[PDB]
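Everything below belongs to upload.csv, which stores CSV, N, CA, C and O atoms.
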```csv
chain,number,residue,atom,x,y,z
A,51,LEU,N,41.5,45.7,-27.0
A,51,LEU,CA,40.5,44.7,-26.8
A,51,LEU,C,40.9,43.3,-27.5
A,51,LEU,O,40.7,42.3,-26.9
A,52,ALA,N,41.5,43.4,-28.7
A,52,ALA,CA,41.9,42.2,-29.3
A,52,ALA,C,43.0,41.5,-28.5
A,52,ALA,O,43.0,40.3,-28.3
A,53,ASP,N,44.0,42.3,-28.0
A,53,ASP,CA,45.0,41.8,-27.1
A,53,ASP,C,44.5,41.2,-25.9
A,53,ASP,O,45.0,40.1,-25.4
A,54,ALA,N,43.5,41.8,-25.3
A,54,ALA,CA,42.9,41.3,-24.1
A,54,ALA,C,42.2,40.0,-24.3
A,54,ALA,O,42.2,39.1,-23.5
A,55,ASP,N,41.5,39.9,-25.4
A,55,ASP,CA,40.8,38.6,-25.8
A,55,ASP,C,41.9,37.5,-26.0
A,55,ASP,O,41.7,36.4,-25.5
A,56,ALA,N,43.0,37.8,-26.7
A,56,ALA,CA,44.0,36.8,-26.9
A,56,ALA,C,44.7,36.4,-25.6
A,56,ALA,O,45.0,35.3,-25.4
A,57,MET,N,44.9,37.4,-24.7
A,57,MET,CA,45.5,37.1,-23.4
A,57,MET,C,44.5,36.3,-22.6
A,57,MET,O,44.9,35.4,-21.8
A,58,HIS,N,43.2,36.5,-22.7
A,58,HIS,CA,42.2,35.7,-22.0
A,58,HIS,C,42.3,34.3,-22.5
A,58,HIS,O,42.4,33.4,-21.6
A,59,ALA,N,42.4,34.1,-23.8
A,59,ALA,CA,42.5,32.7,-24.3
A,59,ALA,C,43.8,32.0,-23.8
A,59,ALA,O,43.8,30.9,-23.4
A,60,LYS,N,44.9,32.8,-23.9
A,60,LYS,CA,46.2,32.2,-23.5
A,60,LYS,C,46.2,31.8,-22.0
A,60,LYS,O,46.7,30.8,-21.6
A,61,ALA,N,45.7,32.7,-21.2
A,61,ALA,CA,45.7,32.5,-19.8
A,61,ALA,C,44.7,31.3,-19.4
A,61,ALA,O,45.0,30.5,-18.6
A,62,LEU,N,43.6,31.2,-20.1
A,62,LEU,CA,42.7,30.1,-19.9
A,62,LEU,C,43.4,28.8,-20.3
A,62,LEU,O,43.2,27.8,-19.6
A,63,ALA,N,44.1,28.8,-21.4
A,63,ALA,CA,44.8,27.6,-21.8
A,63,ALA,C,45.9,27.2,-20.8
A,63,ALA,O,46.0,26.0,-20.4
A,64,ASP,N,46.7,28.1,-20.3
A,64,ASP,CA,47.7,27.9,-19.3
A,64,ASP,C,47.0,27.4,-18.0
A,64,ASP,O,47.6,26.6,-17.3
A,65,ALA,N,45.9,28.0,-17.7
A,65,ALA,CA,45.1,27.6,-16.5
A,65,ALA,C,44.7,26.2,-16.5
A,65,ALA,O,44.8,25.4,-15.6
A,66,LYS,N,44.1,25.7,-17.7
A,66,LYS,CA,43.7,24.3,-17.8
A,66,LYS,C,44.9,23.4,-17.7
A,66,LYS,O,44.8,22.3,-17.1
A,67,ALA,N,46.0,23.8,-18.4
A,67,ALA,CA,47.2,23.0,-18.3
A,67,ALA,C,47.7,22.9,-16.9
A,67,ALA,O,48.1,21.8,-16.5
A,68,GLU,N,47.7,24.0,-16.1
A,68,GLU,CA,48.2,23.9,-14.8
A,68,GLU,C,47.2,23.0,-13.9
A,68,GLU,O,47.7,22.3,-13.1
A,69,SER,N,45.9,23.2,-14.2
A,69,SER,CA,45.0,22.3,-13.4
A,69,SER,C,45.2,20.9,-13.7
A,69,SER,O,45.2,20.0,-12.8
A,70,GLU,N,45.4,20.5,-15.0
A,70,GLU,CA,45.7,19.1,-15.3
A,70,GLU,C,47.0,18.6,-14.6
A,70,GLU,O,47.1,17.5,-14.1
A,71,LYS,N,48.0,19.5,-14.7
A,71,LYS,CA,49.3,19.1,-14.1
A,71,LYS,C,49.2,18.9,-12.6
A,71,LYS,O,49.8,17.9,-12.0
A,72,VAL,N,48.5,19.8,-11.9
A,72,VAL,CA,48.4,19.7,-10.4
A,72,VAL,C,47.5,18.5,-10.1
A,72,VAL,O,47.7,17.8,-9.1
A,73,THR,N,46.5,18.2,-10.9
A,73,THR,CA,45.7,17.0,-10.7
A,73,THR,C,46.6,15.7,-10.9
A,73,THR,O,46.4,14.8,-10.0
A,74,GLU,N,47.4,15.7,-11.9
A,74,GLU,CA,48.3,14.5,-12.0
A,74,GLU,C,49.3,14.4,-10.8
A,74,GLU,O,49.5,13.3,-10.3
A,75,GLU,N,49.8,15.5,-10.4
A,75,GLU,CA,50.7,15.5,-9.2
A,75,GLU,C,50.0,15.0,-8.0
A,75,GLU,O,50.6,14.2,-7.2
A,76,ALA,N,48.8,15.5,-7.8
A,76,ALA,CA,48.0,15.0,-6.7
A,76,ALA,C,47.7,13.5,-6.8
A,76,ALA,O,47.7,12.8,-5.8
A,77,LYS,N,47.4,13.0,-8.0
A,77,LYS,CA,47.2,11.6,-8.2
A,77,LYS,C,48.5,10.8,-7.8
A,77,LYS,O,48.4,9.8,-7.1
A,78,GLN,N,49.6,11.3,-8.2
A,78,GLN,CA,50.9,10.6,-7.8
A,78,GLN,C,51.1,10.6,-6.3
A,78,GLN,O,51.5,9.6,-5.7
A,79,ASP,N,50.8,11.8,-5.7
A,79,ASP,CA,50.9,11.9,-4.3
A,79,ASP,C,50.0,10.9,-3.6
A,79,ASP,O,50.4,10.3,-2.6
A,80,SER,N,48.7,10.8,-4.0
A,80,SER,CA,47.8,9.9,-3.4
A,80,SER,C,48.3,8.4,-3.6
A,80,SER,O,48.1,7.6,-2.7
A,81,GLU,N,48.8,8.1,-4.8
A,81,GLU,CA,49.3,6.8,-5.0
A,81,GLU,C,50.5,6.5,-4.0
A,81,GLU,O,50.5,5.4,-3.4
A,82,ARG,N,51.4,7.4,-3.8
A,82,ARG,CA,52.5,7.2,-2.9
A,82,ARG,C,52.0,7.1,-1.5
A,82,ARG,O,52.4,6.2,-0.7
A,83,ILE,N,51.0,7.9,-1.1
A,83,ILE,CA,50.4,7.8,0.3
A,83,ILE,C,49.8,6.5,0.5
A,83,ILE,O,49.9,5.9,1.6
A,84,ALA,N,49.0,6.0,-0.5
A,84,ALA,CA,48.3,4.7,-0.3
A,84,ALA,C,49.3,3.6,-0.2
A,84,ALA,O,49.2,2.7,0.6
A,85,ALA,N,50.4,3.6,-1.0
A,85,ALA,CA,51.4,2.6,-1.0
A,85,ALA,C,52.1,2.6,0.4
A,85,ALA,O,52.2,1.5,1.0
A,86,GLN,N,52.5,3.7,0.9
A,86,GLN,CA,53.2,3.7,2.1
A,86,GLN,C,52.3,3.4,3.3
A,86,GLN,O,52.7,2.7,4.3
A,87,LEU,N,51.0,3.8,3.2
A,87,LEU,CA,50.0,3.4,4.2
A,87,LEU,C,49.9,1.8,4.2
A,87,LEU,O,49.8,1.2,5.3
A,88,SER,N,49.8,1.2,3.1
A,88,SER,CA,49.6,-0.2,3.0
A,88,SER,C,50.9,-0.9,3.6
A,88,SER,O,50.8,-1.9,4.3
A,89,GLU,N,52.1,-0.4,3.2
A,89,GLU,CA,53.3,-0.9,3.8
A,89,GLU,C,53.3,-0.8,5.3
A,89,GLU,O,53.7,-1.8,6.0
A,90,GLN,N,52.9,0.3,5.8
A,90,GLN,CA,52.9,0.5,7.3
A,90,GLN,C,51.9,-0.4,7.9
A,90,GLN,O,52.1,-1.0,9.0
A,91,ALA,N,50.7,-0.7,7.2
A,91,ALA,CA,49.8,-1.6,7.8
A,91,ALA,C,50.4,-3.0,7.8
A,91,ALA,O,50.2,-3.8,8.8
A,92,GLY,N,51.1,-3.4,6.8
A,92,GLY,CA,51.7,-4.7,6.8
A,92,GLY,C,52.8,-4.8,7.9
A,92,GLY,O,52.9,-5.9,8.6
A,93,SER,N,53.5,-3.8,8.1
A,93,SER,CA,54.5,-3.8,9.2
A,93,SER,C,53.8,-3.9,10.5
A,93,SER,O,54.3,-4.7,11.4
A,94,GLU,N,52.7,-3.2,10.7
A,94,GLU,CA,52.0,-3.3,12.0
A,94,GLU,C,51.4,-4.7,12.2
A,94,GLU,O,51.5,-5.3,13.3
A,95,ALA,N,50.9,-5.4,11.1
A,95,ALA,CA,50.4,-6.7,11.2
A,95,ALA,C,51.5,-7.7,11.6
A,95,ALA,O,51.3,-8.5,12.5
A,96,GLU,N,52.6,-7.6,10.9
A,96,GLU,CA,53.7,-8.5,11.3
A,96,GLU,C,54.2,-8.3,12.7
A,96,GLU,O,54.7,-9.2,13.4
A,97,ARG,N,54.2,-7.0,13.1
A,97,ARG,CA,54.6,-6.7,14.5
A,97,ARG,C,53.6,-7.4,15.5
A,97,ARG,O,54.0,-7.9,16.5
A,98,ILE,N,52.3,-7.3,15.2
A,98,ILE,CA,51.3,-8.0,16.0
A,98,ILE,C,51.6,-9.5,16.0
A,98,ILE,O,51.4,-10.2,17.0
A,99,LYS,N,51.9,-10.1,14.9
A,99,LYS,CA,52.3,-11.5,14.8
A,99,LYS,C,53.4,-11.8,15.7
A,99,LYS,O,53.4,-12.8,16.5
B,115,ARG,N,44.8,-4.5,11.1
B,115,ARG,CA,45.3,-4.7,12.5
B,115,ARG,C,44.3,-5.4,13.4
B,115,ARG,O,44.6,-6.2,14.2
B,116,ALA,N,43.0,-5.1,13.2
B,116,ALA,CA,42.0,-5.7,13.9
B,116,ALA,C,41.9,-7.2,13.6
B,116,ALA,O,41.8,-8.1,14.5
B,117,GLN,N,42.0,-7.6,12.3
B,117,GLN,CA,42.1,-9.0,11.9
B,117,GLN,C,43.3,-9.7,12.5
B,117,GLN,O,43.2,-10.8,13.0
B,118,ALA,N,44.5,-9.0,12.5
B,118,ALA,CA,45.7,-9.6,13.1
B,118,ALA,C,45.5,-9.8,14.5
B,118,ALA,O,45.9,-10.9,15.1
B,119,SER,N,44.9,-8.9,15.3
B,119,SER,CA,44.7,-9.0,16.7
B,119,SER,C,43.7,-10.2,17.0
B,119,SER,O,44.0,-11.0,17.9
B,120,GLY,N,42.7,-10.3,16.2
B,120,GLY,CA,41.7,-11.4,16.3
B,120,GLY,C,42.4,-12.8,16.1
B,120,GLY,O,42.2,-13.7,17.0
B,121,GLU,N,43.2,-12.9,15.1
B,121,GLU,CA,43.8,-14.2,14.8
B,121,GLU,C,44.9,-14.5,15.8
B,121,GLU,O,45.2,-15.6,16.2
B,122,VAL,N,45.6,-13.4,16.3
B,122,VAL,CA,46.6,-13.6,17.4
B,122,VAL,C,45.9,-14.1,18.6
B,122,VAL,O,46.4,-15.0,19.3
B,123,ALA,N,44.7,-13.6,19.0
B,123,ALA,CA,44.0,-14.1,20.1
B,123,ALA,C,43.6,-15.5,19.9
B,123,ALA,O,43.7,-16.4,20.9
B,124,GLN,N,43.1,-15.9,18.7
B,124,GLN,CA,42.7,-17.2,18.4
B,124,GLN,C,43.9,-18.2,18.6
B,124,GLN,O,43.8,-19.2,19.3
B,125,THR,N,45.1,-17.9,18.0
B,125,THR,CA,46.2,-18.8,18.1
B,125,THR,C,46.7,-18.8,19.6
B,125,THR,O,47.1,-19.9,20.0
B,126,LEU,N,46.5,-17.7,20.3
B,126,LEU,CA,46.9,-17.7,21.7
B,126,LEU,C,46.1,-18.7,22.5
B,126,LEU,O,46.6,-19.4,23.3
B,127,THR,N,44.7,-18.7,22.3
B,127,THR,CA,43.9,-19.6,23.1
B,127,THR,C,44.1,-21.0,22.7
B,127,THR,O,44.2,-21.9,23.6
B,128,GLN,N,44.3,-21.3,21.4
B,128,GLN,CA,44.6,-22.7,21.0
B,128,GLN,C,46.0,-23.2,21.6
B,128,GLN,O,46.1,-24.3,22.1
B,129,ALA,N,47.0,-22.3,21.6
B,129,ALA,CA,48.3,-22.6,22.2
B,129,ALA,C,48.2,-22.8,23.7
B,129,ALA,O,48.8,-23.7,24.2
B,130,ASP,N,47.3,-22.0,24.3
B,130,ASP,CA,47.2,-22.2,25.8
B,130,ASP,C,46.5,-23.5,26.1
B,130,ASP,O,46.9,-24.2,27.0
B,131,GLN,N,45.5,-23.9,25.3
B,131,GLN,CA,44.8,-25.2,25.5
B,131,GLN,C,45.8,-26.3,25.4
B,131,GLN,O,45.9,-27.2,26.2
B,132,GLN,N,46.6,-26.3,24.3
B,132,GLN,CA,47.5,-27.4,24.0
B,132,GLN,C,48.6,-27.4,25.1
B,132,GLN,O,49.0,-28.5,25.5
B,133,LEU,N,49.1,-26.2,25.6
B,133,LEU,CA,50.1,-26.2,26.6
B,133,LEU,C,49.5,-26.7,27.9
B,133,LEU,O,50.2,-27.4,28.7
B,134,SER,N,48.3,-26.4,28.2
B,134,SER,CA,47.7,-26.9,29.5
B,134,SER,C,47.6,-28.5,29.4
B,134,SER,O,47.9,-29.2,30.3
B,135,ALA,N,47.2,-29.0,28.2
B,135,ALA,CA,47.1,-30.4,28.1
B,135,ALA,C,48.5,-31.0,28.2
B,135,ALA,O,48.7,-32.1,28.8
B,136,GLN,N,49.5,-30.4,27.6
B,136,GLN,CA,50.9,-30.9,27.7
B,136,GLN,C,51.3,-30.9,29.2
B,136,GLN,O,51.9,-31.9,29.6
B,137,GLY,N,51.1,-29.9,29.9
B,137,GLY,CA,51.5,-29.9,31.3
B,137,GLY,C,50.8,-30.9,32.1
B,137,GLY,O,51.4,-31.6,32.9
B,138,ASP,N,49.5,-31.1,31.9
B,138,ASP,CA,48.7,-32.1,32.6
B,138,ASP,C,49.3,-33.5,32.3
B,138,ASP,O,49.4,-34.3,33.2
B,139,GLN,N,49.6,-33.8,31.1
B,139,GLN,CA,50.0,-35.1,30.7
B,139,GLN,C,51.5,-35.4,31.0
B,139,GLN,O,52.0,-36.5,30.9
B,140,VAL,N,52.3,-34.3,31.3
B,140,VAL,CA,53.7,-34.5,31.7
B,140,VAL,C,53.8,-34.6,33.2
B,140,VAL,O,54.8,-35.1,33.7
B,141,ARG,N,52.9,-34.0,33.9
B,141,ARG,CA,52.9,-34.1,35.4
B,141,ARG,C,52.9,-35.6,35.8
B,141,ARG,O,53.6,-36.0,36.6
B,142,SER,N,52.0,-36.4,35.2
B,142,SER,CA,51.9,-37.8,35.5
B,142,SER,C,53.2,-38.5,35.1
B,142,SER,O,53.7,-39.3,35.9
B,143,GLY,N,53.8,-38.1,34.0
B,143,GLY,CA,55.0,-38.8,33.6
B,143,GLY,C,56.1,-38.5,34.6
B,143,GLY,O,56.9,-39.4,34.9
B,144,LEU,N,56.2,-37.3,35.1
B,144,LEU,CA,57.3,-37.0,36.0
B,144,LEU,C,57.0,-37.4,37.4
B,144,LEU,O,57.8,-37.3,38.3
B,145,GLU,N,55.7,-37.8,37.7
B,145,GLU,CA,55.3,-38.2,39.0
B,145,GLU,C,56.2,-39.5,39.4
B,145,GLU,O,56.6,-39.6,40.6
B,146,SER,N,56.4,-40.4,38.5
B,146,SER,CA,57.2,-41.6,38.7
B,146,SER,C,58.6,-41.2,39.0
B,146,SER,O,59.3,-41.8,39.8
B,147,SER,N,59.1,-40.2,38.2
B,147,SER,CA,60.5,-39.8,38.3
B,147,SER,C,60.9,-39.1,39.6
B,147,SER,O,62.0,-39.2,40.2
B,148,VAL,N,59.9,-38.3,40.1
B,148,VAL,CA,60.3,-37.4,41.3
B,148,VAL,C,60.7,-38.3,42.5
B,148,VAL,O,61.4,-37.8,43.4
B,149,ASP,N,60.4,-39.6,42.5
B,149,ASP,CA,60.8,-40.4,43.6
B,149,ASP,C,62.3,-40.5,43.6
B,149,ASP,O,62.9,-40.5,44.7
B,150,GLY,N,63.0,-40.6,42.4
B,150,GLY,CA,64.4,-40.7,42.4
B,150,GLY,C,65.0,-39.4,42.9
B,150,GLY,O,66.0,-39.4,43.7
B,151,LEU,N,64.4,-38.2,42.6
B,151,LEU,CA,64.9,-36.9,43.1
B,151,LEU,C,64.8,-36.9,44.6
B,151,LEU,O,65.8,-36.5,45.3
B,152,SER,N,63.7,-37.3,45.1
B,152,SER,CA,63.5,-37.3,46.6
B,152,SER,C,64.5,-38.2,47.3
B,152,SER,O,65.1,-37.8,48.3
B,153,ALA,N,64.7,-39.4,46.7
B,153,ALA,CA,65.6,-40.3,47.3
B,153,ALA,C,67.0,-39.8,47.3
B,153,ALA,O,67.8,-39.9,48.3
B,154,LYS,N,67.4,-39.2,46.2
B,154,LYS,CA,68.8,-38.7,46.1
B,154,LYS,C,69.0,-37.5,47.0
B,154,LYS,O,70.1,-37.3,47.6
B,155,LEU,N,68.0,-36.6,47.1
B,155,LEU,CA,68.1,-35.5,48.1
B,155,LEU,C,68.2,-36.0,49.5
B,155,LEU,O,69.0,-35.5,50.3
B,156,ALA,N,67.4,-37.0,49.9
B,156,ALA,CA,67.6,-37.6,51.2
B,156,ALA,C,68.9,-38.2,51.4
B,156,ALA,O,69.5,-38.0,52.5
B,157,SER,N,69.5,-38.9,50.4
B,157,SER,CA,70.8,-39.4,50.5
B,157,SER,C,71.8,-38.3,50.7
B,157,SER,O,72.7,-38.4,51.6
B,158,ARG,N,71.7,-37.2,50.0
B,158,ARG,CA,72.7,-36.1,50.2
B,158,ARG,C,72.6,-35.5,51.6
B,158,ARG,O,73.6,-35.3,52.3
B,159,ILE,N,71.4,-35.2,52.1
B,159,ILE,CA,71.2,-34.6,53.4
B,159,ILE,C,71.7,-35.5,54.5
B,159,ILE,O,72.5,-35.1,55.4
B,160,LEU,N,71.3,-36.8,54.4
B,160,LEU,CA,71.7,-37.8,55.5
B,160,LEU,C,73.2,-38.0,55.5
B,160,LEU,O,73.7,-38.4,56.6
B,161,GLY,N,73.9,-37.8,54.4
B,161,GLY,CA,75.3,-38.1,54.4
B,161,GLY,C,75.6,-39.5,54.0
B,161,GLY,O,76.8,-39.9,53.8
B,162,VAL,N,74.6,-40.4,53.8
B,162,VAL,CA,74.7,-41.7,53.3
B,162,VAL,C,73.7,-42.0,52.2
B,162,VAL,O,72.7,-41.2,52.1
B,163,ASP,N,73.9,-43.0,51.4
B,163,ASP,CA,73.0,-43.3,50.3
B,163,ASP,C,71.8,-44.1,50.9
B,163,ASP,O,71.8,-45.3,50.9
B,164,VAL,N,70.7,-43.3,51.2
B,164,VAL,CA,69.5,-43.9,51.7
B,164,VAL,C,68.8,-44.5,50.5
B,164,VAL,O,68.5,-43.7,49.5
B,165,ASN,N,68.4,-45.8,50.5
B,165,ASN,CA,67.8,-46.4,49.3
B,165,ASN,C,66.4,-46.0,49.2
B,165,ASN,O,65.9,-45.7,48.1
B,166,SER,N,65.6,-46.0,50.3
B,166,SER,CA,64.2,-45.6,50.2
B,166,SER,C,64.0,-44.2,49.7
B,166,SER,O,63.0,-43.9,49.0
```

Starting from the file, give its structure as structure tokens.
Amino acid sequence: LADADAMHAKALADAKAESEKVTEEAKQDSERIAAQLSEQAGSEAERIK
Amino acid sequence: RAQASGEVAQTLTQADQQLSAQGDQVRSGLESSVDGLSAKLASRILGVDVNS
């Protein structure tokens, strides 16, 4: 039971760490997607010009 | 892209208006010149330099 509680705590800590890491990775992915979408929009605008 | 299309249409219409004015005001200018072209064509076809 003591080991199970300790493993619960350790797994919860690793879980929150993984959640934060994936959130940061998703934020970076969203930044890249927004940047490339804006660049593509600029390319489309100049093509229309 | 919608804004770009709108401004492209705007510049297109302004350019079309200015080009129409240009053509209208250059037709009169070349009206005097076309007489020389006609006279020279007549000279070539006739085989002699027709002055009229």

Proximal residues of chain A relative to chain B (all atoms listed in the file; 8 Å) as a PyMOL selection string: chain A and resi 91-92+94-96+98-99

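Taking atom O of residue 144 of chain B and atom N of residue 126 of chain B as the two end points, the separation is 28.9 Å.
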
Distance of atom O of residue 162 of chain B from atom O of residue 149 of chain B, expressed in Å to one decimal place: 12.3 Å

Interatomic distance, atom O of residue 166 of chain B to atom N of residue 145 of chain B (Å, one decimal): 14.8 Å
